[PDB]
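**Student:** Right, I'll just put the structure down here and ask away after.
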Amino acid sequence: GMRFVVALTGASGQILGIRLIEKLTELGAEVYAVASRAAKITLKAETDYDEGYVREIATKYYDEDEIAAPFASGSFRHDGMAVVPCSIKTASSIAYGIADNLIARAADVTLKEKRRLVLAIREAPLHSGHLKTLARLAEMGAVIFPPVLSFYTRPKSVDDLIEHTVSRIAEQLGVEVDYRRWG
Amino acid sequence: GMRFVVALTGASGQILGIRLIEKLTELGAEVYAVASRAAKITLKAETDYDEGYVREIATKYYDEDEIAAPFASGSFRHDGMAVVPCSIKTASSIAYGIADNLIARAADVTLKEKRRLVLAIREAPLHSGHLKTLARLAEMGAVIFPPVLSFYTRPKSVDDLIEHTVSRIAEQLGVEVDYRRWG
Amino acid sequence: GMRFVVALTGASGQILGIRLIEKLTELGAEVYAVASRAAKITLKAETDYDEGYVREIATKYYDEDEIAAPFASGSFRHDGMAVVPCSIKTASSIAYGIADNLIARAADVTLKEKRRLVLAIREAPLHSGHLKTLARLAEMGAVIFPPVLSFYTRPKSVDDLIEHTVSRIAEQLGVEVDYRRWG
Amino acid sequence: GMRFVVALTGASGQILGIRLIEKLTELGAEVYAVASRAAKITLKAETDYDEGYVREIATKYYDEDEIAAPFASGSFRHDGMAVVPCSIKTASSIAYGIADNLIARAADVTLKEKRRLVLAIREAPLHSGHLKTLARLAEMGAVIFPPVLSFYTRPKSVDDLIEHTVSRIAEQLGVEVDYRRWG
Amino acid sequence: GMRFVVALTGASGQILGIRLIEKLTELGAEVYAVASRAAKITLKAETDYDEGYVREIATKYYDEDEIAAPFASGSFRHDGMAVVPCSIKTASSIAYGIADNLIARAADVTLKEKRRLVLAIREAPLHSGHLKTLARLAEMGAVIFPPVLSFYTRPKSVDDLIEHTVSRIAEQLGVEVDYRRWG
Amino acid sequence: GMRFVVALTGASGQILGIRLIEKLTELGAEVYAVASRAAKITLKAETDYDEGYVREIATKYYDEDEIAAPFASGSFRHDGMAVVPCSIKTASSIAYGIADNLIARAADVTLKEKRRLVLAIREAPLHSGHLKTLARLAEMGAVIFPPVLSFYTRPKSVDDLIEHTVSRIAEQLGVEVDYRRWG
Amino acid sequence: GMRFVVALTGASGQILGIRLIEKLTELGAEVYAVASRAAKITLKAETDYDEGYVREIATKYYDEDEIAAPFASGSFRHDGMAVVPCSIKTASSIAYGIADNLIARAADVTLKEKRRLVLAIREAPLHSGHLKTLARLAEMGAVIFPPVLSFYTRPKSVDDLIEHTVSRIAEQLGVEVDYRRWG
Amino acid sequence: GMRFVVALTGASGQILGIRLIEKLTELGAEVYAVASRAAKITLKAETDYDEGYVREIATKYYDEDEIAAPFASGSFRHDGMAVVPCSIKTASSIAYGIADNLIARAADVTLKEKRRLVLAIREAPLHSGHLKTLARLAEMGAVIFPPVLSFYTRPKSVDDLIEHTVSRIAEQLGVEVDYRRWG
Amino acid sequence: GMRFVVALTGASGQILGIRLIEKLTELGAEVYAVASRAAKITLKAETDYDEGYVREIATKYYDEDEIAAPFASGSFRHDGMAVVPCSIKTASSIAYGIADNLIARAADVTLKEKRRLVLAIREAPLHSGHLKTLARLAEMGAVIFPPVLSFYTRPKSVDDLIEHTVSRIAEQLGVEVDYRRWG
Ligand SMILES: Cc1cc2c3c(c1C)C(C)(C)CC=[N+]3c1c([nH]c(=O)[nH]c1=O)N2C[C@H](O)[C@H](O)[C@H](O)COP(=O)(O)O
Ligand SMILES: Cc1cc2c3c(c1C)C(C)(C)CC=[N+]3c1c([nH]c(=O)[nH]c1=O)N2C[C@H](O)[C@H](O)[C@H](O)COP(=O)(O)O
Ligand SMILES: Cc1cc2c3c(c1C)C(C)(C)CC=[N+]3c1c([nH]c(=O)[nH]c1=O)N2C[C@H](O)[C@H](O)[C@H](O)COP(=O)(O)O
Ligand SMILES: Cc1cc2c3c(c1C)C(C)(C)CC=[N+]3c1c([nH]c(=O)[nH]c1=O)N2C[C@H](O)[C@H](O)[C@H](O)COP(=O)(O)O
Ligand SMILES: Cc1cc2c3c(c1C)C(C)(C)CC=[N+]3c1c([nH]c(=O)[nH]c1=O)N2C[C@H](O)[C@H](O)[C@H](O)COP(=O)(O)O
Ligand SMILES: Cc1cc2c3c(c1C)C(C)(C)CC=[N+]3c1c([nH]c(=O)[nH]c1=O)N2C[C@H](O)[C@H](O)[C@H](O)COP(=O)(O)O
Ligand SMILES: Cc1cc2c3c(c1C)C(C)(C)CC=[N+]3c1c([nH]c(=O)[nH]c1=O)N2C[C@H](O)[C@H](O)[C@H](O)COP(=O)(O)O
Ligand SMILES: Cc1cc2c3c(c1C)C(C)(C)CC=[N+]3c1c([nH]c(=O)[nH]c1=O)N2C[C@H](O)[C@H](O)[C@H](O)COP(=O)(O)O
Ligand SMILES: Cc1cc2c3c(c1C)C(C)(C)CC=[N+]3c1c([nH]c(=O)[nH]c1=O)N2C[C@H](O)[C@H](O)[C@H](O)COP(=O)(O)O
């Protein structure tokens, strides 16, 4: 019984976090989901998905102000956290300890207990301040995963690209996943 | 009359560099194109595009061993260079001065003459060694542009995503471009 | 048609940002204005200016929670941003990527697209943590402009000092301005 | 007449800040107290203390949003500030200048005026990002005081341990205190 | 059959290392114990525990001068090492390679073979030299665990606090432990 | 079924990589082997081993120009990579991202996916540039293993020394191995 | 009997390396010469010198792929190495250990054995990446000698300038040379 | 109407600054010239040029003690500054803010207003202290241009070499210049 | 008459230091020998050599507590020092100035007087803390010589390998030695 935290933050690519939650659920893991306010605004602008769809597919759902949620403490056990998509604001809050909501605090707790943390950073260009922040995060142990376009799987629709990226992110959580791979 | 260097290297996303060459050509700029050996191998694996298609659409074409090409010198004038897609190997060669082919040397010449250089870095995850390299490149003046998935334009096919990313890369070259933007 | 973002934050010197908006408007530029909550509190404590005066003189006005404003995306074009006056909190939020309101996000977008950003940092003393933060911002490309007393123009009232400083800040935005200068 | 700021933040150990306020009050100093929202949530979870008990024992009480409180300016005189207990979020906000509430701003003002600041950092483990943050704070002049278990005083109850730690923290404020010490 | 090294050094909190040895023994692991000279002096000052009690409860006991003990070589297999409590002197000896007794050498061997090392650093305040040392240790892979007071488990005696801290340290060794946790 | 990449590069000690391949094969793992051009030149100068012996004992063999080999992508799964012996050129290519052949690219892919990478660096003296490079590699997660003479196993021939070193390198891959160890 | 390695690389100023070889030969030293492929291309573009002239005047000549040449090992004795002219690519390959041809490997061997290495770096402008590379090389012990125009010797032809620069480079090899000097 | 500051300092190569002033004057720009005391001493030792020749060809001339000259203030507008030739002393004074004469102050003013500054650094060898200084200057935005010998234009006299170098320096000022270039 | 200090410390490879003493004695130099306590323990475990054999073959012998030995002062002249084999503990003591015995103090005196110091560091793996320590030592001027296996001399017994390594270490002391070398 593996349990994972998945957080959606206010960057483009809300569909990536929704699909990661669906895949991890499919594979029989529990997912504790958190969506920030900005992620809900982006979901509205970006998709037609029901505003309560994330709460629907998650094992348990928390809003970003639920700072007393169970995984706000390192004494609560789980197997890893993914922030997908991850804004610069959340990546930077984690990097520098500005743990002022449940998402940043849960990620900080993941890092201090040396559990796996995967950040699907979505921003471009990245300036030297961003890059130093990501380097600091990498030093702290986080997996830095820009959700880059990939074509070696020969994708034909947007869902093809989403599936490849979501699969590759799941592997960063230490998950055996079935998907097209390079041969 | 604006002239730009566009280099394709051995990362996934060959279509991005092809389409950037087409767009810049459409807008009436000259494009001096270079494709590395690994980029030609990737083009073959990734697309069905004619092996000589890049040479076709470019104003002038060079192979990566043409180390005496005109823009290998800073005394030759041009308005900027883009490496799309950019492998870790080429980004790192530029960062550390291992200018052992035309692509890395042309980018180094672009940087030392303080012209615009845009690197469409495609790799994920990025480890701390990659991130320090990109930070060094940013300090040298390069634009670091991971070709990240974007959805706020509400894309419906793969060509939609390619067009947004290619447009955003063109803007990093100081180019006025017409495309859907955030409102 | 040049467009500029001007943000007021919670430091003393609200009059400096008001007057910069008036000058840029005088010269025929559009100004997109943002005032933080703390800046509105300071305006009340510091001036007798109408609480809606900034909205009056601006081309378009946004509150700091309007995180979906047009210049929250790099695909929206403008010619530069000034934060006048700039608190330590906002300068530091920009430096470290804590882009949790429209002001910090707009400034981050200005920086990543290599547009001009001018920060009228008002704090004294500056401790070593402040100075490292400002050095980081300078490395990212921001103009660091403490609004220092100046006397070589032989000022005779408070408005004289404000005019010199506002003029010098406008020049950091790449603006031709008419004012008394050193001969 | 010595005056001290004491701030409680959202880490375990609310009793430590309550008892420091009582001791400083006992010794005839004035205490200006601030409790963050998260500290009030923790107090509720951790103790049975009256929700208004801190306001009761303090000379003057402020909530964390009272950003215009007197010690938000360096022109207001006081003799030092202690944050007890201090969360990672508040320590990091101080370190990097994210002075977005009264607690972080008051501590920043304490530091820039070279007054004494004592941070009772309570977190374990501390990862390399935390440690770099604390090192930065130490460079800025803050006293870093993890509220560690101590046994050389031969404590027999929880109140014994609290008294030793609160006494040692008071000494970091430059306070003569009477307590059991090593001989 | 899991085997762990537990070292006691000359900081207050000898009871923490004794209790960790008891817990790991309870759970059926072997414990190879080492106590430094200063730890024996502190045990005498701090407790009433028999001077040979550590040797009693350990699977095998070594004094700090037994520099040829089996785990002084990386070719000897074990599952992790904890130094509880850890003095500044021992943490710093490990950080900088001054491996002049069995404790520092065993910890260095743990680190170079990328096994788990947990350091229950007990000192307060920590000055900037201490913090840089701990940051270096964190970079080398050590878990830095100040044995901080914790109250969210609502402890009622000194043994309550010791049990929480010892449990949390055991978890840093990768040990499944049964104890009260945050909900 | 565990699979490992083993690469031979152009440093003295070709026998070490041959014997590691034999041991891993003996223990029932698959080995994907790569030998650089310089390693083949060194093999000829150093041994009498058949030029195709490495291809013989490997599960699958690749030359260093086979940049499209399966483990050039992180989507291909394996359990670790060893470069034995490792030249300064290959260690430095990995450190700085100059991933211009299959060996450096495979090692970079191993690192970015946080798999185990062991580098049997053979050079002496090591100057400060080498040492900074190895420190960077260590930060990226690589195991740095100079193949140093060892005598505590009381070796009597050259094969004794090779067996100890090859065994110790195998352990860095997370392999249970049977060999003489310190007692 | 003093022996020196002189390498020509692909920067302008091939005449400088030819003349250094002639001078050292004149003074009765042996010169082991290496010319890279790019240096041969530059010689053709830059001079009318016979393509085999360098091999003619050298004691022994090697091409850059002769990676098994005697001075590829530190056990081979010589008195110093000069790279004249030195490209950014070769200087950077030496700095970062990318010793992928005889020139970079011979220079690395010179450095690790603490012999004299003189690099006649010819590039302008030098960007911050170049300057950090040269600083690293200087730390490793290399002499950094940009072949700058000099006029205090009152030169009257191009050969006058070449003679001054070649003489000054020879002195960096620890060679007594007769030439016009400042008085 | 473009205006440029050109400063001559006490390094060999006075002819380079004289010729740059002539070229910029030829092209119809105004040149504000400054010569240091050491540059006048070098001019005397190096050339036969009239001691007042620089004042003759300049639009306006200043001695280095004219610290109140117009471009000692950022409020005075100009289009860039070149120091040709630039001594280590002047480059270092600019780098570290020792702005104790008009040349260093004018260059500092050029940098703080983000105008173009080109430093024709003439010294060889450059030790690690020089290289760190130049790297700092590059970070501040200065163009670092060692006046290196160049031969790809196939120069035949000293004036040929001077013309190439002066032309290349003019291009660093953002000047369209007509000269032989690489093809 | 050349005099050299040779120190044996508590790492495997005692035979290397014995043989270096024999070779230097053979060549007619004086050797002042020091063996640490741990080196004597290792000699016993590792060899059958007489416990007083080192004292026998040395010109003069000192134990590590003879802190007043002649070469504990820089005013005593000698030609270099080798620590063979060198433990991490001794290398680190030298690096950081923990000069608490004759070996570390003699090496520190060697370094401050800019005499040659060669450290035959024997440890593997080397973690990032070790590598930073060795880099610091290299910066201080020490020769870092891991006693790596070497095969290009085509060794046939253990004594063959020892002779090559001892010869190469002697060369780092500036000693002309006769041994098989690369051709
Ligand atoms: C409303 C909004 C916010 C964007 C945004 C967009 C919009 C509409 C888009 C979709 C229009 C284009 C881009 N966005 C990104 C972005 N931040 C970021 O780092 N990456 C992004 O891709 N932001 C900023 C982000 O939402 C703010 O920085 C929030 O404070 C982030 O807070 P959070 O991490 O807690 O969700
Ligand atoms: C053949 C090949 C090379 C991939 C590659 C792929 C293949 C088939 C894919 C498409 C299968 C999956 C990924 N690839 C990337 C990659 N390098 C990189 O940094 N990003 C990539 O996305 N590489 C490595 C790259 O081609 C080598 O590092 C080259 O030496 C790069 O040289 P270049 O910059 O001169 O083109
Ligand atoms: C209410 C308030 C806030 C002052 C302040 C004052 C008051 C009354 C004064 C006018 C009384 C004296 C000084 N002030 C400054 C200050 N922050 C700063 O860096 N520089 C200042 O000059 N602050 C702090 C500031 O408003 C808080 O740090 C906000 O969180 C800043 O948030 P903002 O950047 O989003 O506006
Ligand atoms: C609700 C809550 C928050 C804990 C917390 C706990 C709970 C219930 C406990 C008591 C259950 C276990 C641990 N806690 C700590 C913690 N932050 C920290 O650095 N140290 C802590 O000891 N946090 C996080 C903290 O409250 C958030 O990071 C706040 O944003 C801090 O904001 P503040 O500094 O303004 O109070
Ligand atoms: C005797 C003694 C030593 C204390 C000490 C105390 C005493 C009596 C107390 C209990 C009275 C109060 C504090 N102590 C600590 C301390 N070192 C440290 O970093 N943390 C401590 O908590 N020390 C110092 C320590 O014992 C010396 O630094 C030893 O050299 C440590 O050596 P070790 O790591 O090998 O045991
Ligand atoms: C031919 C050759 C190359 C030696 C070498 C030798 C020879 C004959 C010896 C065996 C004679 C003595 C030493 N060697 C080493 C060496 N590089 C290194 O870092 N460590 C070595 O031990 N090199 C250099 C190496 O082969 C070149 O640097 C290659 O470019 C390395 O490329 P590779 O990593 O792709 O194999
Ligand atoms: C063909 C060629 C290459 C120039 C060059 C020129 C040409 C024609 C000139 C003569 C036209 C103008 C300038 N050049 C220089 C240059 N590299 C450099 O750092 N400094 C130079 O002065 N290069 C680049 C160089 O040759 C490539 O970077 C090679 O990969 C260097 O490889 P090498 O060090 O092994 O010779
Ligand atoms: C008199 C004098 C000064 C030389 C000099 C020469 C002479 C005669 C030469 C022409 C004989 C050979 C070299 N010179 C250089 C030099 N400084 C430097 O960095 N590069 C040089 O090329 N100097 C030093 C320089 O003039 C002093 O450092 C001044 O203080 C520089 O001050 P300035 O920048 O204000 O002019
Ligand atoms: C007893 C002993 C100590 C080994 C050791 C061995 C044994 C038996 C072996 C031979 C069994 C395996 C490895 N050893 C090494 C080692 N230290 C080190 O850095 N490299 C080594 O190769 N050590 C540690 C060393 O002796 C201690 O760190 C001493 O404090 C070093 O002190 P010294 O430098 O003053 O001699």
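Residue numbers (the entry's author numbering), protein chains in the order written: chain A, 0 to 182; chain B, 0 to 182; chain C, 0 to 182; chain D, 0 to 182; chain E, 0 to 182; chain F, 0 to 182; chain G, 0 to 182; chain H, 0 to 182; chain I, 0 to 182. Beta carbons: idealized from backbone N, C-alpha and C, even for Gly.
State the start and end residues of the unbroken alpha helix (DSSP H) segment that holds residue 19(E).
**Tutor:** 13–25 is the extent of the alpha helix (DSSP H) around residue 19(E).
**Student:** Measuring from the CB of residue 185(D), is there a heavy atom of ligand 4 at a distance below 7 Å?
**Tutor:** Residue 185(D) falls outside the range modelled here, since chain D spans only 0 to 182, and no answer is possible.
**Student:** Taking C-beta pairs closer than 8 Å, name the residues in chain F that residue 150(E) reaches, listed in chain order.
**Tutor:** Correct list: empty, because the minimum Cβ distance to chain F is about 36 Å.
**Student:** Assuming residue 84(E) and residue 15(E) form a contact by the criterion Cβ under 8 Å, report the distance between their Cβ atoms to the nearest whole angstrom.
**Tutor:** Their Cβ separation, rounded to whole angstroms, is 5 Å, which keeps residue 84(E) and residue 15(E) in contact under 8 Å.
**Student:** Are the C-beta of residue 88(C) and some C-beta of chain D separated by less than 8 Å?
**Tutor:** For residue 88(C), the answer is yes, since a Cβ of chain D falls inside 8 Å of its Cβ.
**Student:** With a CB to CB cut of under 7 Å and the five nearest residues on each side skipped, what residues in its chain are close to residue 82(F)?
**Tutor:** Hits under 7 Å: 6, 8, 89, 102, 106, 118 and 119.
**Student:** Does residue 197(G) come out as helix, strand or coil in the three-state DSSP assignment?
**Tutor:** Outside the shown range of chain G (0 to 182) lies residue 197(G), about which nothing can therefore be said.
**Student:** Going by alpha carbons, who is nearest to residue 40(B) out of 114(F), 65(F) and 31(F)?
**Tutor:** For the residues 114(F), 65(F) and 31(F), the minimum Cα distance to residue 40(B) belongs to 65(F).
**Student:** Using a C-beta to C-beta distance shorter than 9 Å, which residues of chain A count as neighbours of residue 75(F)?
**Tutor:** Going along chain A in sequence order, the residues near residue 75(F) (Cβ under 9 Å) are 180, 181 and 182.
**Student:** With burial defined as no fewer than 16 other Cβ atoms inside 10 Å of the residue's Cβ, what is the status of residue 99(D): buried or exposed?
**Tutor:** Buried, by the Cβ-count rule.
**Student:** Determine which residues share a DSSP beta bridge with residue 62(E) and list them.
**Tutor:** The partner list for residue 62(E) (beta bridge, DSSP) reads 34(E).
**Student:** Exposed or buried, what is residue 155(I) when buried is set at 16 or more other beta-carbons lying within 10 Å of its beta-carbon?
**Tutor:** With fewer than 16 other Cβ atoms within 10 Å, it is exposed.
**Student:** When you compare each of 35(G), 151(G) and 168(G) to residue 79(G) by their alpha carbons, which one comes out closest?
**Tutor:** Selected option, being the one with the closest Cα: 168(G).
**Student:** With which residues is residue 125(B) paired in a DSSP beta bridge?
**Tutor:** In the DSSP output, where bridge partners are listed per residue, residue 125(B) has 143(A).
**Student:** Does the beta-carbon of residue 164(C) have 16 or more other beta-carbons within 10 angstroms, so that it is buried, or is it exposed?
**Tutor:** The residue in question, residue 164(C), is buried, as its Cβ has 16 or more Cβ neighbours within 10 Å.
**Student:** Tell me the rounded alpha-carbon separation between residue 46(H) and residue 153(G).
**Tutor:** Approximately 8 Å between the Cα atoms of the pair.
**Student:** Any idea if residue 32(D) is buried or exposed, counting beta-carbon neighbours within 10 angstroms, 16 or more meaning buried?
**Tutor:** Residue 32(D) comes out buried.
**Student:** Within the continuous alpha helix (DSSP H) that includes residue 54(G), where are the two ends?
**Tutor:** From DSSP, the alpha helix (DSSP H) with residue 54(G) extends over 52–56.
**Student:** Which residues, taken in chain order from the region 109–131 of chain H, show a beta carbon closer than 7 Å to some beta carbon of chain B?
**Tutor:** Within the region 109–131 of chain H, no residue qualifies.
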